[PDB]
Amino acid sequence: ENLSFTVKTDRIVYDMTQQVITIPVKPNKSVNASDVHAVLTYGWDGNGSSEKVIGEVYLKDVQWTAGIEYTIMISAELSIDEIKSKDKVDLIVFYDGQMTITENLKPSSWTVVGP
């Protein structure tokens, strides 16, 4: 069965001070991946070169445990106001040559902190 992630969108945090987005993902199965690339986008199917990037991170030797939250941290390349202006925010997770898309992260619901 294909790996997928669910996200409780109101637990996503946009930190204004560090310009960092923290995303707790819950995998549906346990998978260990050598090389992972997570891309936050407002419009990309995950094919070819990346488009409409809100931010991205490269990770090594990731251990996902089914049903247990895993925290991805992404440097924000668009302000939170601009992110909330978008129609749809997706997270694309690449892992050892495969990919999965968690759709509709609903930035209106995100916790936003920092003075």
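Numbers follow the displayed sequence, beginning with 1.
*Asks:* Is the mean CA B factor in the deposited entry higher across 44-52 or across 74-82?
*Replies:* According to the PDB entry, the answer is 44-52.
*Asks:* With respect to C-alpha B-factor, does residue 17 fall in the lowest, middle or highest third of the chain as deposited?
*Replies:* Within its chain, residue 17 is a highest-third residue by C-alpha B-factor, going by the deposited values.
*Asks:* Looking at the temperature factor on the CA atom of residue 57, which third of the chain's modelled residues does it land in?
*Replies:* As the PDB entry reports it, the C-alpha B-factor of residue 57 lands in the lowest third of its chain.
*Asks:* Mind checking which third residue 90 falls in for C-alpha B-factor across the chain?
*Replies:* Lowest third - that is where residue 90 ends up once the chain's C-alpha B-factors are sorted.
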